[PDB]
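# no sequence for this one, just the structure:
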Ligand SMILES: Nc1ncnc2c1ncn2[C@@H]1O[C@H](COP(=O)(O)OP(=O)(O)OP(O)(O)=S)[C@@H](O)[C@H]1O
Ligand SMILES: Nc1ncnc2c1ncn2[C@@H]1O[C@H](COP(=O)(O)OP(=O)(O)OP(O)(O)=S)[C@@H](O)[C@H]1O
Ligand SMILES: Nc1ncnc2c1ncn2[C@@H]1O[C@H](COP(=O)(O)OP(=O)(O)OP(O)(O)=S)[C@@H](O)[C@H]1O
Ligand SMILES: Nc1ncnc2c1ncn2[C@@H]1O[C@H](COP(=O)(O)OP(=O)(O)OP(O)(O)=S)[C@@H](O)[C@H]1O
């Protein structure tokens, strides 16, 4: 996903050199593209970069707003109503820390009332909450994740350059969203499904954090290259992204390995080598 | 003077060494010292969520002024803590509180600017001592605060700041906001090294440094309620309390056994059939063996990471502890324990067993729940029964689980009955069903039965839940689901599994019914699922074993009434005959047992015919089942 | 003094033999004692839906203190029950609630850490003396709680925990939550055996042990 990391990178580098437009938020993005290709992971890697934590961000899961009356969950309770003295969820959580990252997770699930609220947000950097005061959004990176071009990108990403694909999935978004809300967008970026090499590198990252979990537990693992090849070939299909990799690693390693840890079988200290049998993956002790 | 009566001196307490050491917080102490040395508005307020160390920043400022590690403009300051209740307390008459507060202001003027003041819980001050003749203590310190003549340091919570001080814009702007961010895990470990010294000195135990890094790491992971370092310091302190209690009289295992033997002793005394004298003799022998082992090892004296883990597994309920031998031998025999109530259906018992074994061995993904499951298969084969066997295995009770029947959610409104209502609307003040139920009990089997009956996009709530274990209710507070077991049971391939279960392996069956679910659910949602199992229709030997299960629980139902029943295997073969069809599963067996046994048997009980104590033999008739008295 | 008036001595009542016997609740009293013997935040709170026996846990702790089954660190402690009704009771003049309550804080902290304070209905303490802009019991006790000088065993219902105490998050972090489990059928049978003895002494009757096991079974099954 080189294009999206370029887009977000250039947004923060526009802000730090002063050239940001101070009537808007810093970058209003819309992450399209199919499931399991790292939309929420680019948001998490941003907040990990900029703020030194994975969940140090205003994560709003937009699929809890599927009705017309859940706008008040983020703006606030209007005058003379129940939860009045606590404001909203978005406006307070920004009005505390005005340089934050706001993840509007799974944006298309909600009702278009929230999209009107975010019209005001993405264009002018203010969103007057329920108690009757502005909230300064001129310094937050608003990020939105969706998958409206799932079939289109999964089927036709080959033999097409990036601009024509962007125009085609942007047409699909224009069928889904109003022209207002996609006019306010700083940059729609388009993802792409993962090939063998991408899932191989993601397999190495997930195995590094598996090693880190067992190193916390007190164990070590070296792995065979053939074992990692079986993990990368058992967990490759273009429809579900990089998640069959995660649950394939989860099954084939973590179930028999934890089976043998609980069995009183695998002694601490020794390097637990993960090499293959004919088709299974066995954990050995030598 | 008034400052003797109404202020309690911190630098005298820091000078006599009555304050715990303050570690880190370079940025916030430096900004408090920058703000305290201004010309107008000398007033910092310390703002951050409760537990992050704001009073500790003022106590670190007092210790740095006593040690003299401050600039030269502060060498020799006195930091005096103002107690607004001690001002309010004896002010019965009119104008007594204002006389007290004005005496404090005159004495602070006579100190020639040498006294830093300190009002912890600054939100106490707004509207303190108001009456009809109100000067309110926010309206009398407002001139002395505006002109910078008073060096007050407040320390109020962020929500208490929004509620109480931003309701008064003049006194809102008299104060400079020093934000006190939650310390991360590493800063907490440093803070816990200094407070390790102090807590070791109090509890007379020795906190090992792996227990410190365990306390900061574990309480950052498994507690979303409170904030660092306070939750980590609480794990350290309560762990040292447990170690010192074990040191005092005897360990907790002999405590369990002593309480149980005195309990069953006076309980058998109260019974003066039993199945109690056997239990009491076994527990007395177990007490003798563990007391012999305690005399053979003459124990715990230090706080290790295992004590931190047991304290956190008794704060919450999440099984963080090391597995004892009874529990580990129970848990390696997982599938034998589950096939006592779910006979047949090996694939799902393997899947569920492996998810719980990954949980307990500590390999589970900490950003997701323990395991999501989608039990597909035809009606009456064991889907809801495996979830009840899960709660009866794991939680020792059948109905001890969060059961959300997805056949009440046939409309899109009824997402709101598991997130709660938004602000303004009716059921705001009570929160969601699911979210409150998890926020009480964070380790629980969450079942979503009959899941294909719901509205198609009610499963967007579950996009959040299954992917990241966090669901955000109506009021705002996100509930952490990351230690739960989510299970949704459906029957989307009923006729397919009934038809093509023969001549097909498990893999192609899973693929074909997964195509069926691909026409039902969204590609987002069937990607979140850890493991879709596929159930299989029940055969004749399965139904024979199910008949034995139902007849054992019928004997259990008729022993309470006071009757014994023995059955002959010919009648059991008849119930294997009259209770078999592939299309309806295992309930034709249950209603065949119901009819052909319980209707003539209860007929004959209420007939005044069947004398208790005599064994009711269920031999066969020509075709029926007789019940005789011999 | 002040502790004569605004507190009720449980250990006097347990030592006079006026409380009910308490059966079971072993992990709950053990974690209550593990929380009461801390350095800072000595404050547990018994949470669980009403009926499960939370005041019974604190009275069981009082009977274990008097009859000598607690550790050596608690042999000799008094368990005083604070009266939130008596503290507001006469104070209509300004300050007099706070005068009473800080007199209680003086006379407790002057006991050298001997009196375990008990507040059934902790959610009453939340907004107790909250006058027209004055000091309630929450904001007064709040700094003597997170130094361990006040040993406040709360006992609040779980629904009113969410309604009243989580509204004020600072007083919420001072108290360490001790969950109180709803007991099984079998523990209920044991509880009913001790209280069988006491109710037979009350009503001048006898109670057969089938009526106990039927009472636990039937009340668990049919009253929901
Ligand atoms: N390009 C990637 N690099 C690293 N990890 C990735 C990548 N793509 C997916 N992952 C992994 O897959 C998960 C992230 O998938 P998500 O981006 O959260 O799915 P998604 O992008 O939200 O698509 P939907 O809308 O949920 S179907 C994490 O567990 C990551 O470890
Ligand atoms: N930076 C720190 N260095 C040393 N100890 C700390 C630090 N931060 C917190 N603590 C300890 O953590 C505990 C809680 O901190 P507190 O300052 O008392 O919380 P708080 O700042 O009072 O917030 P509230 O709203 O007043 S409860 C105390 O025991 C402190 O000694
Ligand atoms: N493997 C089994 N072992 C024992 N009893 C079983 C088994 N499978 C089903 N039963 C009986 O089946 C009854 C209900 O079966 P369920 O599994 O609850 O039906 P289901 O699987 O939920 O399918 P639907 O679509 O919800 S009707 C229980 O009373 C059990 O006695
Ligand atoms: N372990 C026990 N030993 C003896 N009696 C008990 C026990 N548990 C509960 N009880 C009895 O159960 C009843 C209720 O106990 P309480 O402690 O009053 O419950 P409770 O938790 O105070 O209910 P609320 O929510 O405070 S009104 C009393 O009659 C007690 O005697």
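Structure's in. What do you need? Numbers count the residues shown, from 1 in each chain, chains lettered A, B, ... in the order given. Ligands and ions are numbered 1, 2, ... in the order given.
# Now do the buried residues in the strand or helix carrying residue A:231.
With secondary structure defined by DSSP states H and E, residue A:231 is part of helix A:225-234. By neighbour count with 16 or more other Cβ atoms under 10 Å in any protein chain shown, helix A:225-234 contains the buried residues A:227-228, A:230-232, A:234. For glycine as for every other residue, the C-beta is placed from the backbone atoms N, C-alpha and C.
# Give me the spatial nearest neighbour of the residue positioned nearest the centre of chain A, chain neighbours excluded.
Taking Cα atoms, centre = their mean, the centroid of chain A lies closest to residue A:40, which sits 0.2 Å from it. Excluding its sequence neighbours, the residue lying closest to residue A:40 (Cβ to Cβ, 6 or more residues apart in numbering or on different chains) is residue A:145, at 5.9 Å.
# can I assume the one you found is in contact with residue A:102?
No - counting by Cβ atoms under 8 Å, residue A:145 does not reach residue A:102; the two are 11.7 Å apart.
# so residue A:92, which of the three states?
The three-state label for residue A:92, taken from DSSP: H, G, I helix; E, B strand; the rest coil, comes out as helix.
# Quick one: name the residues of the stretch 1-150 of chain A near chain B.
Counting by Cβ under 8 Å from any Cβ of the partner chain, the residues of the stretch 1-150 of chain A close to chain B are A:34-36, A:40, A:52-53, A:59-61, A:63-64, A:66-67, A:69-73, A:76-78, A:81-89, A:92, A:96-97, A:105-106, A:109, A:130, A:147, A:150.
# These in helices, which ones?
Among the residues of the stretch 1-150 of chain A next to chain B, the ones falling in helices (DSSP state H) are A:40, A:92, A:96, A:150.
# what's the farthest-apart pair in these?
A:96 and A:150 (36.0 Å; Cβ to Cβ).
# out of the two, which sits in the more crowded spot?
In terms of neighbours (other Cβ atoms under 10 Å in any protein chain shown), residue A:150 is the more surrounded of residue A:96 and residue A:150; the figures are 20 against 17.
# residues near the nearest residue to that one once chain neighbours are set aside, how many?
Distance criterion Cβ to Cβ, 6+ apart; nearest residue to residue A:150, sequence neighbours excluded, is residue A:34 at 4.8 Å. Other residues within reach of residue A:34, judged by other Cβ under 10 Å, total 25.
# Ok, residue A:25 next?
A count of nearby residues for residue A:25, using other Cβ under 10 Å, gives 26.
# Surely it and residue A:139 touch.
Yes - with contact defined as Cβ under 8 Å, residue A:25 counts as touching residue A:139 (7.2 Å).
# So which bits of stretch A:85-99 are buried?
Residues of stretch A:85-99 classed as buried by neighbour count (16+ other Cβ under 10 Å): A:86-96.
# And the residues you listed, which is closest to ligand 3?
Compare each of the buried residues of stretch A:85-99 with ligand 3 using Cβ to the nearest ligand atom and the shortest gap goes to residue A:89, at 37.0 Å.
# what residues are up against the closest one?
For residue A:89, the set of contacting residues under the criterion of Cβ atoms under 8 Å, 6 or more residues apart in numbering or on different chains consists of A:60, A:73-74, B:472, B:476.
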